[PDB]
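Asker: Structure file upload-v3.txt (compact mmCIF, C-alpha atoms) right here:
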# COMPACT_ATOMS: atom_id res chain seq x y z
CA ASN A 973 -36.01 -12.05 24.71
CA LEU A 974 -36.70 -15.76 25.13
CA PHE A 975 -37.14 -15.81 21.34
CA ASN A 976 -33.83 -13.94 20.77
CA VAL A 977 -35.65 -10.74 19.85
CA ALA A 978 -34.75 -7.73 21.97
CA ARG A 979 -37.10 -4.79 22.25
CA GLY A 980 -36.06 -1.15 22.53
CA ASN A 981 -33.45 0.74 20.57
CA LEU A 982 -29.67 0.47 20.60
CA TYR A 983 -26.93 2.94 21.46
CA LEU A 984 -23.36 3.43 20.30
CA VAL A 985 -21.46 5.49 22.87
CA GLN A 986 -17.84 4.80 23.75
CA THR A 987 -17.75 3.33 27.27
CA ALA A 988 -14.20 2.51 28.37
CA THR A 989 -15.24 0.31 31.26
CA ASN A 990 -13.14 -1.75 33.62
CA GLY A 991 -15.77 -3.31 35.88
CA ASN A 992 -18.95 -5.16 34.96
CA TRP A 993 -20.44 -4.28 31.57
CA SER A 994 -23.99 -5.57 31.11
CA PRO A 995 -25.26 -4.30 27.75
CA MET A 996 -28.65 -5.97 27.76
CA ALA A 997 -29.73 -4.55 31.13
CA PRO A 998 -28.59 -0.94 31.57
CA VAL A 999 -28.36 -0.05 35.25
CA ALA A 1000 -28.17 3.64 34.36
CA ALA A 1001 -30.71 5.86 32.70
CA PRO A 1002 -30.47 5.84 28.90
CA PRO A 1003 -28.07 8.66 28.06
CA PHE A 1004 -30.53 10.59 25.90
CA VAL A 1005 -33.89 10.05 24.27
CA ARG A 1006 -35.32 11.27 20.99
CA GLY A 1007 -36.14 14.95 21.01
CA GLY A 1008 -34.14 15.69 24.12
CA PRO A 1009 -31.83 18.65 24.68
CA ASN A 1010 -29.40 19.05 21.75
CA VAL A 1011 -30.43 15.67 20.31
CA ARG A 1012 -30.97 16.03 16.59
CA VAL A 1013 -32.30 13.43 14.15
CA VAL A 1014 -30.78 12.51 10.79
CA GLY A 1015 -32.71 13.22 7.61
CA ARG A 1016 -34.32 10.82 5.18
CA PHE A 1017 -31.14 10.60 3.14
CA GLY A 1018 -28.47 10.80 5.81
CA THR A 1019 -26.49 12.98 3.42
CA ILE A 1020 -23.24 14.53 4.62
CA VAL A 1021 -22.12 17.83 3.12
CA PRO A 1022 -18.35 18.35 3.30
CA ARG A 1023 -17.04 21.79 4.16
CA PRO A 1024 -13.87 23.20 2.63
CA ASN A 1025 -10.53 24.50 3.93
CA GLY A 1026 -10.60 22.49 7.12
CA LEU A 1027 -14.06 22.70 8.63
CA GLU A 1028 -16.02 19.75 9.83
CA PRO A 1029 -18.30 17.76 7.52
CA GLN A 1030 -21.84 18.57 8.61
CA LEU A 1031 -24.67 16.06 8.48
CA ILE A 1032 -28.08 17.08 7.17
CA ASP A 1033 -30.61 16.68 9.96
CA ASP A 1034 -34.34 15.93 10.10
CA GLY A 1035 -35.49 19.41 9.10
CA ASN A 1036 -32.96 19.60 6.23
CA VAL A 1037 -30.38 21.75 8.02
CA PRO A 1038 -26.68 20.78 7.98
CA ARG A 1039 -25.96 20.21 11.68
CA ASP A 1040 -22.47 19.17 12.71
CA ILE A 1041 -21.40 15.65 13.58
CA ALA A 1042 -19.95 15.90 17.10
CA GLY A 1043 -22.59 15.80 19.81
CA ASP A 1044 -25.64 13.54 19.89
CA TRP A 1045 -27.66 11.96 17.10
CA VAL A 1046 -30.80 9.90 16.68
CA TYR A 1047 -30.10 7.76 13.63
CA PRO A 1048 -33.19 5.84 12.44
CA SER A 1049 -32.49 2.40 11.06
CA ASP A 1050 -34.07 2.96 7.65
CA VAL A 1051 -31.60 5.81 7.18
CA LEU A 1052 -28.82 3.41 8.15
CA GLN A 1053 -29.70 0.88 5.48
CA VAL A 1054 -29.39 3.54 2.77
CA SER A 1055 -26.33 5.43 4.04
CA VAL A 1056 -24.06 3.03 5.92
CA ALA A 1057 -21.22 4.10 3.65
CA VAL A 1058 -21.59 7.62 4.99
CA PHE A 1059 -21.85 6.24 8.53
CA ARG A 1060 -18.66 4.17 8.54
CA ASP A 1061 -16.55 6.90 6.97
CA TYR A 1062 -17.57 10.13 8.68
CA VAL A 1063 -19.90 9.78 11.66
CA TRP A 1064 -18.47 6.52 13.03
CA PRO A 1065 -14.88 7.76 13.68
CA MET A 1066 -16.54 10.48 15.75
CA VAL A 1067 -18.03 7.69 17.85
CA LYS A 1068 -14.70 5.98 18.51
CA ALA A 1069 -13.12 9.36 19.23
CA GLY A 1070 -15.64 9.73 22.02
CA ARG A 1071 -17.24 12.91 20.76
CA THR A 1072 -20.52 11.76 19.18
CA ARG A 1073 -23.13 9.32 20.49
CA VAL A 1074 -25.67 7.79 18.13
CA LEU A 1075 -29.00 6.27 19.12
CA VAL A 1076 -29.36 3.88 16.19
CA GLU A 1077 -33.02 3.34 16.81
CA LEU A 1078 -34.78 0.33 15.41
CA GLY A 1079 -37.80 -0.78 17.33
CA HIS A 1080 -37.23 -4.52 17.48
CA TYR A 1081 -34.40 -6.70 16.40
CA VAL A 1082 -32.70 -10.05 16.64
CA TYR A 1083 -29.52 -9.95 18.70
CA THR A 1084 -26.35 -11.96 19.25
CA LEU A 1085 -24.19 -12.31 22.35
CA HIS A 1086 -20.44 -12.73 22.05
CA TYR A 1087 -19.24 -13.70 25.50
CA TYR A 1088 -15.61 -13.24 26.48
CA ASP A 1089 -13.15 -13.55 29.32
CA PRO A 1090 -12.82 -10.23 31.18
CA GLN A 1091 -9.25 -11.03 32.20
CA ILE A 1092 -8.08 -10.48 28.63
CA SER A 1093 -8.27 -7.12 26.87
CA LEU A 1094 -10.76 -6.73 24.04
CA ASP A 1095 -12.02 -3.84 21.94
CA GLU A 1096 -15.56 -4.05 20.60
CA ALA A 1097 -14.76 -2.15 17.40
CA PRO A 1098 -14.28 -5.01 14.84
CA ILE A 1099 -17.21 -6.97 16.27
CA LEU A 1100 -19.27 -3.84 15.69
CA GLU A 1101 -17.63 -2.76 12.44
CA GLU A 1102 -18.39 -6.17 10.96
CA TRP A 1103 -22.01 -5.44 11.86
CA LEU A 1104 -21.88 -2.18 9.91
CA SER A 1105 -20.38 -3.96 6.91
CA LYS A 1106 -23.27 -6.36 6.34
CA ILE A 1107 -26.00 -3.69 6.30
CA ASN A 1108 -27.57 -3.60 2.85
CA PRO A 1109 -30.65 -1.68 1.77
CA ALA A 1110 -32.34 -5.07 2.20
CA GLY A 1111 -31.75 -6.03 5.82
CA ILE A 1112 -29.43 -5.75 8.79
CA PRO A 1113 -27.47 -8.48 10.59
CA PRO A 1114 -28.45 -9.01 14.24
CA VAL A 1115 -27.08 -6.58 16.80
CA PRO A 1116 -23.90 -8.00 18.39
CA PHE A 1117 -23.31 -7.42 22.09
CA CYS A 1118 -20.28 -8.34 24.18
CA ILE A 1119 -20.98 -9.51 27.72
CA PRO A 1120 -18.19 -10.75 30.03
CA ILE A 1121 -18.26 -14.30 31.34
CA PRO A 1122 -19.06 -13.90 35.05
CA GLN A 1123 -16.00 -14.89 37.03
CA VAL A 1124 -16.09 -16.91 40.23
CA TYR A 1125 -12.99 -15.33 41.72
CA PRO A 1126 -12.36 -11.60 42.27
CA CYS A 1127 -10.22 -11.00 39.20
CA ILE A 1128 -8.16 -8.10 37.93
CA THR A 1129 -10.04 -7.28 34.74
CA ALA A 1130 -8.49 -5.41 31.84
CA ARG A 1131 -9.80 -2.01 30.83
CA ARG A 1132 -12.10 -2.69 27.89
CA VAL A 1133 -13.81 -0.47 25.33
CA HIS A 1134 -17.40 -1.43 24.51
CA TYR A 1135 -19.75 0.45 22.23
CA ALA A 1136 -23.17 -1.22 22.02
CA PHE A 1137 -25.78 -1.31 24.77
CA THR A 1138 -29.55 -1.26 24.51
CA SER A 1139 -31.99 1.17 26.06
CA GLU A 1140 -34.30 -1.18 27.94
CA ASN A 1141 -34.02 -4.36 29.98
CA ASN A 1142 -33.57 -6.99 27.27
CA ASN A 1143 -32.22 -9.50 29.80
CA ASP A 1144 -35.40 -11.46 30.27
CA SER A 1145 -33.84 -14.70 29.17
CA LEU A 1146 -30.97 -14.96 31.60
CA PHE A 1147 -31.72 -17.91 33.80
CA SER A 1148 -28.69 -17.89 36.14
CA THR A 1149 -25.07 -16.78 36.01
CA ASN A 1150 -22.80 -19.33 37.73
CA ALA A 1151 -25.02 -22.29 38.47
CA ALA A 1152 -22.17 -24.42 39.73
CA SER A 1153 -20.38 -21.90 41.95
CA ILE A 1154 -20.52 -20.68 45.53
CA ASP A 1155 -20.97 -17.03 44.47
CA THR A 1156 -20.27 -14.87 41.44
CA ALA A 1157 -17.55 -12.38 42.35
CA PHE A 1158 -16.94 -10.10 39.38
CA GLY A 1159 -19.66 -10.53 36.77
CA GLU A 1160 -23.41 -10.06 36.84
CA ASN A 1161 -24.62 -12.20 39.74
CA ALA A 1162 -28.13 -13.01 38.51
CA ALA A 1163 -29.38 -15.83 40.71
CA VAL A 1164 -32.15 -18.19 39.64
CA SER A 1165 -35.18 -15.93 39.74
CA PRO A 1166 -38.04 -17.35 41.85
CA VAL B 99 6.87 -3.04 24.48
CA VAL B 100 5.97 -5.87 26.87
CA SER B 101 3.25 -8.31 25.86
CA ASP B 102 0.83 -8.58 28.78
CA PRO B 103 -2.79 -9.50 28.07
CA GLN B 104 -4.35 -6.83 30.28
CA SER B 105 -2.98 -3.87 28.35
CA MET B 106 -5.88 -1.73 27.16
CA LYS B 107 -6.00 -2.35 23.41
CA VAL B 108 -7.61 0.46 21.40
CA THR B 109 -8.25 0.21 17.66
CA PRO B 110 -7.37 3.19 15.47
CA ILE B 111 -9.89 5.97 15.83
CA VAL B 112 -10.03 6.95 12.19
CA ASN B 113 -10.95 4.28 9.74
CA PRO B 114 -7.96 3.76 7.63
CA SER B 115 -8.04 5.37 4.18
CA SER B 116 -11.80 5.98 3.82
CA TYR B 117 -12.76 7.69 0.57
CA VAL B 118 -12.67 11.25 1.80
CA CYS B 119 -10.75 12.39 -1.27
CA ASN B 120 -10.84 16.14 -1.43
CA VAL B 121 -12.19 16.47 -4.96
CA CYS B 122 -11.29 13.18 -6.58
CA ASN B 123 -14.09 10.93 -5.27
CA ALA B 124 -11.82 8.11 -6.37
CA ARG B 125 -9.83 6.45 -3.62
CA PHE B 126 -6.75 4.34 -4.19
CA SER B 127 -6.06 1.64 -1.57
CA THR B 128 -2.70 3.04 -0.42
CA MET B 129 -2.26 6.45 1.19
CA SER B 130 0.14 7.46 -1.60
CA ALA B 131 -2.42 6.99 -4.37
CA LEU B 132 -5.05 8.78 -2.26
CA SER B 133 -3.36 12.19 -2.49
CA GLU B 134 -2.07 11.39 -5.98
CA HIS B 135 -5.60 11.53 -7.38
CA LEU B 136 -6.06 15.19 -6.42
CA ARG B 137 -2.98 15.78 -8.55
CA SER B 138 -4.68 13.52 -11.09
CA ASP B 139 -7.91 15.48 -10.59
CA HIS B 140 -7.37 19.06 -11.74
CA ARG B 141 -4.72 21.73 -11.35
CA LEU C 390 -1.99 43.78 -32.47
CA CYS C 391 -5.58 42.62 -32.24
CA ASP C 392 -8.12 43.46 -34.88
CA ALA C 393 -11.04 45.57 -33.71
CA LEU C 394 -13.67 43.78 -35.77
CA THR C 395 -12.38 40.38 -34.68
CA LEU C 396 -12.42 41.55 -31.07
CA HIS C 397 -16.06 42.63 -31.32
CA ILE C 398 -16.96 39.10 -32.40
CA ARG C 399 -14.98 37.27 -29.72
CA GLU C 400 -16.21 39.64 -27.01
CA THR C 401 -19.71 38.70 -28.11
CA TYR C 402 -18.87 35.00 -27.92
CA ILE C 403 -17.75 35.31 -24.30
CA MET C 404 -21.06 37.06 -23.64
CA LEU C 405 -22.76 34.12 -25.34
CA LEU C 406 -21.07 31.68 -22.96
CA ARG C 407 -21.58 33.84 -19.88
CA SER C 408 -25.26 33.88 -20.78
CA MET C 409 -25.24 30.10 -20.32
CA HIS C 410 -23.31 30.00 -17.05
CA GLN C 411 -25.42 28.00 -14.65
CA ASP C 412 -23.57 28.47 -11.39
CA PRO C 413 -22.71 24.92 -10.31
CA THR C 414 -23.62 25.38 -6.65
CA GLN C 415 -27.27 25.00 -7.70
CA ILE C 416 -26.82 21.67 -9.54
CA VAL C 417 -27.57 20.00 -6.19
CA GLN C 418 -31.03 21.57 -6.12
CA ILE C 419 -31.60 20.75 -9.79
CA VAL C 420 -31.02 17.01 -9.32
CA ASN C 421 -33.03 17.13 -6.09
CA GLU C 422 -36.01 18.71 -7.83
CA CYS C 423 -35.84 17.02 -11.23
CA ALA C 424 -35.93 13.64 -9.50
CA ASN C 425 -39.15 14.60 -7.62
CA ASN C 426 -37.17 14.41 -4.34
CA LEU C 427 -36.59 10.68 -4.63
CA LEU C 428 -32.83 11.16 -4.79
CA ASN C 429 -30.54 13.81 -3.30
CA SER C 430 -26.87 14.41 -4.06
CA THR C 431 -23.88 16.48 -2.95
CA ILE C 432 -21.58 17.81 -5.66
CA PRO C 433 -18.51 19.55 -4.18
CA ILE C 434 -17.51 22.20 -6.70
CA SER C 435 -14.38 24.33 -6.47
CA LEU C 436 -15.15 28.03 -6.80
CA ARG C 437 -12.67 30.07 -8.86
CA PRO C 438 -12.85 33.73 -9.92
Would you encode the structure as structure tokens?
Answerer:
Amino acid sequence: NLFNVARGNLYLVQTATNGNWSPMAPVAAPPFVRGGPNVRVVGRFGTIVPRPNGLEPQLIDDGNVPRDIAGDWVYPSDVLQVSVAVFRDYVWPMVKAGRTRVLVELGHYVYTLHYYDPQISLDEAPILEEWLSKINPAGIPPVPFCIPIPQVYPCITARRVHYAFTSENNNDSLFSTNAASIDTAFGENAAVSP
Amino acid sequence: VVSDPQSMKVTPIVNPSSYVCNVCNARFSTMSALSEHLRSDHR
Amino acid sequence: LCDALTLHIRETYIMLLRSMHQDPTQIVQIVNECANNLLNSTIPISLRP
């Protein structure tokens, strides 16, 4: 992470936080892992069959069975480079609705941090939807995370909606968080590690 | 509608006008031409 | 007023076309298998009587 390459795989669940949101270092357990309970994997094509007369479009899973969208999904990255037009239309509104959670799993990747002021409201959809727009069959743009600037004073943060957080501790390269302050109040108080 | 910066902004859940045309597989930019192509599809 | 001999020809010609009716729900598996499973598709047909 000192070379701007984060290990582990990335998630896309809708987390409508209001306190501290540290994407690179998840303080919780990862929500689900591959092969868990009711955690299906997308197929080689990522093909979505649409169902008529008002049923849900089902998405063809790993074993070539049309499972439904809402729930959990392990979406391998090579499937994402060939079917991002089926992602952004069907399976991605069921992320923002808060009814499906995708583990877009790519083993290693370059990342990007967009810091922001947690006083002001911000939705992480167009920062993430711009990331889904530059995915070709060739490559992928680096994974964009949004981390709040750690505030010195106990602030009244807005309720924010973030989507991307990684599975493992990719916060190796975080030297300190408020090196000219008496104490960090709101944000991630990571002191200078001895 | 009062403009305060801490109001929880939420983008629209469903991507606007994605090409989900019922049988057309041709999607016009506006919502009016999106349902007009199923009329332009077949009877 | 339909001729009987003309009807026996046109009733054969419908049987000629209904002996070519590939049901279009299987065109998905045709393209999937003719392409040696390098390329899959989804073709939403509209079933009528």
Asker: Quick one: residues within 9 Å of residue 417 (chain C), only C-alpha atoms, excluding same-chain residues fewer than 6 positions away - as a PDB file with C-alpha atoms, in the coordinates of the input?
Answerer:
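Written output follows (out-v7.pdb):
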ATOM      1  CA  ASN C 429     -30.540  13.810  -3.300  1.00  0.00           C
ATOM      2  CA  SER C 430     -26.870  14.410  -4.060  1.00  0.00           C
ATOM      3  CA  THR C 431     -23.880  16.480  -2.950  1.00  0.00           C
ATOM      4  CA  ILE C 432     -21.580  17.810  -5.660  1.00  0.00           C
TER       5      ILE C 432
END
Asker: Give the residues of chain A that lie within 12 Å of chain B; count only C-alpha atoms, and format the answer as a PyMOL selection string.
Answerer: chain A and resi 986+988-990+1020-1026+1029+1057-1071+1089-1101+1127-1134
Asker: Would you mind telling me which residue in B:131, B:99, B:121, B:136 lies nearest to chain C when using only C-alpha atoms?
Answerer: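 The answer is B:121, which sits nearest to chain C.
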Asker: Which residue, C:397, C:437, C:391, C:426, has the smallest gap to chain A when you use all atoms listed in the file?
Answerer: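 Looking only at the distances to chain A, the closest residue turns out to be C:426.
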Asker: In terms of the shortest atom-to-atom distance over all atoms listed in the file, which of B:124, B:130, B:140, B:101 is closest to chain C?
Answerer: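 Comparing B:124, B:130, B:140, B:101 against chain C, the winner is B:140.
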